[PDB]
2 protein chains.
Amino acid sequence: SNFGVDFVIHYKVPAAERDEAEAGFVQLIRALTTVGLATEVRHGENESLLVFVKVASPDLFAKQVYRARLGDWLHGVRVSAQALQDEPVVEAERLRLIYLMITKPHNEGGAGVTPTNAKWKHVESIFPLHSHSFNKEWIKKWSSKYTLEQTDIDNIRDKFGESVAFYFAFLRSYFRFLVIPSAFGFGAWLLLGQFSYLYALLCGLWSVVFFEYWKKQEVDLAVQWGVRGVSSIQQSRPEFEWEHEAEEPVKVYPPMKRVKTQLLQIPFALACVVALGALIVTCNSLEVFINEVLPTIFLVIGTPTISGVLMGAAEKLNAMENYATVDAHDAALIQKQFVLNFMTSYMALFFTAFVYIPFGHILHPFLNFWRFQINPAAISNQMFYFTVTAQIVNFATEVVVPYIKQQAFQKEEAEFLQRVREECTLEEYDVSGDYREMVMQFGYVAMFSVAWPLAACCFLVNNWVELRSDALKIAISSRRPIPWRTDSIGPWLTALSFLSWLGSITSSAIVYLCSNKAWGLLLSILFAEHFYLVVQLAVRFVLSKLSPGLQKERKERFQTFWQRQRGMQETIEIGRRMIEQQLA
Amino acid sequence: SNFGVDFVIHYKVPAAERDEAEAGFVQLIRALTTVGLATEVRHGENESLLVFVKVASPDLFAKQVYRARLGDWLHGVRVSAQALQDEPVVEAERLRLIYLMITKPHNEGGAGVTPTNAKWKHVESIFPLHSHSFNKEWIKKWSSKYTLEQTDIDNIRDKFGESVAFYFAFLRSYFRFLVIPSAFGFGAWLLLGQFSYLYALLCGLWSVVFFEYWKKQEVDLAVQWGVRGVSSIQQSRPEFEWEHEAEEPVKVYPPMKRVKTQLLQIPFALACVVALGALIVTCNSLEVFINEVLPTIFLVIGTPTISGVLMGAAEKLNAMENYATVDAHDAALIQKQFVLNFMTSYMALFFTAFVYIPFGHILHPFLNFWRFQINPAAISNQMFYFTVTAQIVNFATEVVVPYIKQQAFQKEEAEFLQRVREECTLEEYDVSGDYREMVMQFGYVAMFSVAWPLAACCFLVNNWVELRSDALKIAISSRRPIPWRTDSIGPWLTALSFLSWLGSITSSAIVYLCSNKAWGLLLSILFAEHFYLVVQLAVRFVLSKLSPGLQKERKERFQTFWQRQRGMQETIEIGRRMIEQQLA
Ligand SMILES: [Ca+2]
Ligand SMILES: [Ca+2]
Ligand SMILES: [Ca+2]
Ligand SMILES: [Ca+2]
């Protein structure tokens, strides 16, 4: 088990700047002195020098806890020095506070030793330590239950922080709500036939209901954990660069440079879409030529490399575009990720459904250069070849291939030191990737399940694996993430709403086109869109009348002409006089 | 001027229950004793008995003011016994507090003498008194200025309360924003011709911009006056009836009876729409028969009576349907008013545009019974005959006819008594009617100005009269309204949004139909609707980055393994040893 270590710093020391780096080390050992953290130094392979830090004096930690509590109470996060026993401390919050003490600048109670901007550029990783016993128990418990109750998600929140807990709760809710589309698709595939308008309407209604119920559940969860409104607190980015400083004093960046850098996005998107469209058109032309006298499978198996290259390019562009706050930078990065992944994972199906189907006479030059009728039922089978194959490769590159890579690389207190040395080489866990994968799966169900009604069922099975598989990816395949606080899942709500709307637009058009005049198609699209809007309004209105959080908040709030009538017998007597005399 | 009188109670005493009513009078003179209000009794014509009440002891009034301030601070209305000088008192708030003291029940600090449910059913009117000097000065000032600055609206808020001030601010903003549609319509009428798509798009954009800017301005105004969030405070309705009482104890009404009464609305709406449709169809058939070998003018001049009858029926139905809170009852009444007025004022134009234009062969039996081609340009001129005529009759029945009626009815301290006796016979001022009229005018501009582009200009002129004329209607033609507090204009925002959306749908369809295939019309409608949605999103996003209220709120918030290394020189020395020995 752990030796009480709370944080580990790598601090690689290359021989090139042996003096300078050494000086930095001295500064580092001073920067951790004033805060009150005990530091020990140990050998680290690959010419590194692992330092272990942990809080020693309980008084300083209690003062920091009280300061953080007051800070969050001031901003409205909390509605309610022996308070530590009154509200029990948890591992996630304690680790977050220690990390803040390590990272926060001087003028805010901390000693900022962030590894990016200051002189100590040798530091590159600050991570907590894993718990093997808890990981083994967690895996064993989750692999032997049919479902996960709220207690397991609460334990995840207690240990690994709030972001991981929110992701797991969202995945569980999505998996439990995916049952209805699966049953509906099985019913439509067994008797209804193919390309049914009823299935499209039911899918739209299910998407609306799931989205609204998830919003309500996330509000309730945020209220329950006492992290309601943390999104309103801004956290400054250490890497933010400033040119002019104005007045509390806050650094200001000229917005013109930001807009100038932002406009570089449009050529990037145009080049990406042109190249990918050329690739998919060439692949489809080759497939059609082969049919006339596998390429889709080759494209599906070869797209991850191009996706990774574009992802690296997008992250570099986001880094170049200066951002002052963490939330804005994360939102911009998420938007770029979603756009690229949407294009890459949807353009093939869009071309198959809305180009090859309605008029297949436009790719004639491609066939002629390679050297005929269009199949309305092609897309259906193609959709299958897009689902199952993916469900295989996504299960390969995310589970077994990393294990094989780790096995290949791998092949008195030395046990703990060896364990931490092996742990320090892993990559930091990112929660955005799982969110993106789940959102893309939801989009598949939303706007392409009508072609192949059984598809949802397959996804359901995959979800039951993912809820465990991702857990394994955190157990052994990644280092412990830094516990942060998040009110909600973030900008993914906008992505889900956009995908639902696009699905409502697309499913009816696909049904009308594959079942067979422009007026009929336009009428079908209009009716589907307006039905979606009406269902959205009705579901919002119904769910507005259902939440214990507001009850608790209300309970807390509740718990927390003059002188002629001077007397009054005289007034009554004169009133009686008027009452008597009005009878005349 | 006034004799210091703060409130007047009529308390008509018919000779039928001379004893019983008299007993009630005694009870009344006791109910106003405990609170601390001086009561005087004076003769009232039509066998009535006017009582004047005013607060005498400053200590009780100060205590009530402090209690109200604490109550609103507890609910979040206020973010910030000599406090009266610290925050100056105003006539509107003082009158509201006195009215609450008169009306609030026993267990809440008041002495509830509401004139509806209790034994004192003889009471029928409690009203404040007008100020002739202030009214004359206000009329003279407003009739000699080209525009009204924020100071005049602030004075209105100080004197007549918050509801009237909000209505006047909304009317001023609407009048100032109506300039752009007028210029656009003049430009389109001078050179562009008739039935232009560009004008429809510009009208949609203007409606979106005006709605969003009004929302922002109303948020700012609510923050400035310190009445932000008063909508969240529920006020119990004295007329509410209960059957079973549960547990603080609150009365509960069986929702099944409420739904049973609510379902009576559908037959009412069906009967109203059928009767009105038959009427308009008959009028149009008569007009067409006369053309083949004025009726619209007769319909326009005769609709107010039917409108009033239906309005009385709707108010009776709303009274029958029991409601527990004031806001819900007001919202339901407003919804019924809007539905009825929308139908009555729009069905004629809808029938002319979407029935007579696309296929005029369906009313053939009507013409045959009375005993041919349709005119595409008819609706335009018809729209004119619907605007100007209305602008006349609405200016007649609302300004001059009430003055004539009052003149016909009319023809040591007796002057003040005579003035109050004449004042007590007027009807209570209602602010919903002006809101409904303005909303209907906005709907006219939104979805029927493309047929007659000049129409907006005419409306502009009318607005400049209304901003004064309505003021006159409060000066002499109505009694002083009870000053209440409102956060926003209320449910009229939903009506404005619905009217804007319907206008975006309707204007493009009218353009396409009157300019001449179903596919073209459907494409035009779809493009117009989606352009409206995109413009709405863009305007919301832009206006989200513009407000001194949040700055003030932020300013207020801001203002408010272990033992082997014990020392630290030893740690640095051992670190040096590692640095030296890693070179080998
Ligand atoms: Ca997976
Ligand atoms: Ca995953
Ligand atoms: Ca008028
Ligand atoms: Ca008016």
# chains A, B, ... in the order shown; residues from 1 in each chain; ligands from 1
>>> select_by_dssp(residues="range 95-270 of chain A", states="helix (DSSP H, G or I)", output="PyMOL selection string")
chain A and resi 95-103+106-108+132-142+150-160+162-177+179-192+197-224+230-232+255-262+265-270
>>> residues_around(residues="residue 129 in chain A", least_positions_apart="5", cutoff="8 Å", atoms="only C-alpha atoms", output="list in words")
residues 2, 5, 6, 7, 8, 420, 479 and 480 of chain A
>>> write_last_selection(atoms="N, CA and C atoms", output="tab-separated table (two decimals), in the first residue's frame")
chain	number	residue	atom	x	y	z
A	2	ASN	N	0.22	2.42	-0.02
A	2	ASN	CA	0.95	3.67	-0.01
A	2	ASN	C	1.65	3.88	1.32
A	5	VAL	N	2.16	8.82	1.07
A	5	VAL	CA	2.52	9.82	0.07
A	5	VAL	C	1.26	10.41	-0.54
A	6	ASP	N	1.21	11.74	-0.61
A	6	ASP	CA	0.08	12.45	-1.19
A	6	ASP	C	0.33	12.92	-2.61
A	7	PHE	N	1.54	13.34	-2.94
A	7	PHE	CA	1.84	13.74	-4.31
A	7	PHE	C	3.28	13.39	-4.65
A	8	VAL	N	3.51	13.18	-5.95
A	8	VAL	CA	4.82	12.83	-6.48
A	8	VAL	C	5.16	13.78	-7.62
A	420	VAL	N	6.03	2.75	-8.16
A	420	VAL	CA	5.83	4.15	-8.52
A	420	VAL	C	6.60	4.50	-9.79
A	479	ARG	N	-2.70	6.90	-15.12
A	479	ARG	CA	-2.42	7.40	-13.79
A	479	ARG	C	-3.66	8.07	-13.21
A	480	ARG	N	-3.65	8.27	-11.90
A	480	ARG	CA	-4.81	8.82	-11.22
A	480	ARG	C	-5.05	10.26	-11.65
>>> interface_residues(of="chain A", to="chain B", cutoff="7 Å", atoms="only C-alpha atoms", output="number ranges by chain")
A: 40-41, 518-519, 522-523, 565, 571, 575
>>> closest_residue(among="A:474, A:408, A:396, A:533", to="ligand 1", atoms="only C-alpha atoms and all ligand atoms")
A:396
>>> residues_near_ligand(ligand="ligand 3", cutoff="8 Å", atoms="only C-alpha atoms and all ligand atoms", output="compact mmCIF listing (two decimals) with N, CA and C atoms, in the first residue's frame")
# COMPACT_ATOMS: atom_id res chain seq x y z
N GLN B 391 -57.86 52.01 -36.43
CA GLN B 391 -57.18 53.11 -35.76
C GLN B 391 -58.15 54.25 -35.47
N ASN B 394 -60.83 52.43 -32.50
CA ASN B 394 -60.11 52.27 -31.24
C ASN B 394 -59.79 53.62 -30.61
N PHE B 395 -59.68 54.67 -31.43
CA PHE B 395 -59.46 55.99 -30.87
C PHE B 395 -60.78 56.64 -30.44
N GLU B 398 -62.25 54.55 -26.90
CA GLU B 398 -61.30 54.59 -25.80
C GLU B 398 -60.99 55.99 -25.30
N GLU B 437 -53.71 45.10 -26.45
CA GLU B 437 -53.78 45.92 -27.65
C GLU B 437 -52.41 46.08 -28.29
N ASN B 462 -49.82 56.28 -34.32
CA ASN B 462 -50.77 55.93 -33.27
C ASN B 462 -50.06 55.76 -31.94
N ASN B 463 -48.87 55.15 -31.95
CA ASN B 463 -48.15 54.95 -30.70
C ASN B 463 -47.87 56.28 -30.02
N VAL B 465 -49.58 58.87 -30.04
CA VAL B 465 -50.79 59.30 -29.36
C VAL B 465 -51.05 58.43 -28.14
N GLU B 466 -50.88 57.11 -28.28
CA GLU B 466 -51.22 56.20 -27.20
C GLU B 466 -50.42 56.50 -25.94
N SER B 469 -52.36 59.19 -24.71
CA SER B 469 -53.79 58.96 -24.53
C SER B 469 -54.07 58.05 -23.35
N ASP B 470 -53.34 56.93 -23.26
CA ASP B 470 -53.49 56.05 -22.11
C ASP B 470 -53.26 56.80 -20.81
>>> residues_around(residues="residue 360 in chain A", least_positions_apart="6", cutoff="12 Å", atoms="only C-alpha atoms", output="list in words")
residues 284, 285, 288, 351, 352, 353, 354, 366, 367, 372, 373, 374, 375 and 376 of chain A
>>> write_last_selection(atoms="C-alpha atoms", output="mmCIF file, in the first residue's frame")
data_model
loop_
_atom_site.group_PDB
_atom_site.id
_atom_site.type_symbol
_atom_site.label_atom_id
_atom_site.label_comp_id
_atom_site.auth_asym_id
_atom_site.auth_seq_id
_atom_site.Cartn_x
_atom_site.Cartn_y
_atom_site.Cartn_z
ATOM 1 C CA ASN A 284 -16.899 4.647 -52.968
ATOM 2 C CA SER A 285 -15.888 4.843 -56.632
ATOM 3 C CA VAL A 288 -18.663 0.587 -57.198
ATOM 4 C CA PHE A 351 -22.729 10.626 -48.875
ATOM 5 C CA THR A 352 -24.227 7.141 -49.116
ATOM 6 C CA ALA A 353 -27.683 8.352 -48.060
ATOM 7 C CA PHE A 354 -28.024 11.749 -49.778
ATOM 8 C CA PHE A 366 -14.996 8.348 -61.546
ATOM 9 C CA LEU A 367 -16.361 5.048 -62.869
ATOM 10 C CA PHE A 372 -25.370 0.798 -63.797
ATOM 11 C CA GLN A 373 -28.120 1.465 -61.250
ATOM 12 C CA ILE A 374 -28.299 2.542 -57.612
ATOM 13 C CA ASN A 375 -29.416 0.134 -54.891
ATOM 14 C CA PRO A 376 -31.949 1.683 -52.465
#
